[PDB]
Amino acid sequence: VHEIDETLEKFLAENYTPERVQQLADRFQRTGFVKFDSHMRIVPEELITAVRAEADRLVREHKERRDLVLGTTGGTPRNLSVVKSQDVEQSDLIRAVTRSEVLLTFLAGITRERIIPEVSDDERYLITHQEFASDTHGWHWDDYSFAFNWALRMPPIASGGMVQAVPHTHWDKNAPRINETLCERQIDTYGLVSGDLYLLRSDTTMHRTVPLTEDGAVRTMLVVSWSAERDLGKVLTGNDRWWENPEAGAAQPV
């Protein structure tokens, strides 16, 4: 019920000072990435366990396999299973924590700008489920500024699945220049463990997941998308919504 908004207001208050937020806002501006791991929690471990169970049920009852390349992102592959945004919104818990006014106001101190939780209907939420060798979420950008991700299940680092990122880029759907960007920039790699969360500046940080090296290395990620003020009134272009529509124009199966 309404207990989650009071639980977050107490957990954030006893775990963060205003200047620590400013330090995280500096790292966020510099790298586009702030990891909330066991050393710096953002949500209590009780809620993570509950969210993990909600995602396991949604994956078990709604996972749809994706094996395609996206033209608007230089033909990068998408090899994983998805749970559409429409099915994730069935979870009252996920909607409660992700649309919480306490969380959006706190995280606004890290982004240093207003976080509007409203995005496109088919991209509000997303669960990616990777489990096969060479499963990957290829290099891409997001249409919206922010992504709040729940690394609910992570394999060991040696199995792959780390998040790679190139901050201070931009999405040009007509000329993605994926590999050209890598030749001009350096790649940051972030290791995640089960229960980690992270905030991503997803519209200017080219990112991907390192392909899994072996079958059974289950990787389940809850992806929450939020708008910035720059995202209001956005007109979607490219016809590349592969997660909702597998037969999108810019999507070619493999």
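Numbers follow the displayed sequence, beginning with 1.
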property	result
Between the two ranges 232 to 240 and 17 to 25, the one averaging a larger CA B factor in the entry	232 to 240
Mean temperature factor over C-alpha atoms, higher-scoring stretch between 169 to 177 and 89 to 97	89 to 97
Largest Cα B-factor, entry values, listed residues 38, 209, 202, 194	38
49, 31, 220, 225, ranked by C-alpha B-factor: the highest one	49
Record-listed C-alpha B factor of residue 61: chain third	middle
CA B-factor ranking of residue 132, expressed as a third of its chain	highest
Chain-relative CA temperature factor third for residue 72	highest
Assigned third (lowest, middle, highest) for the C-alpha B factor of residue 161	lowest
Residue 53 - which third its CA temperature factor falls in, relative to the rest of the chain	middle
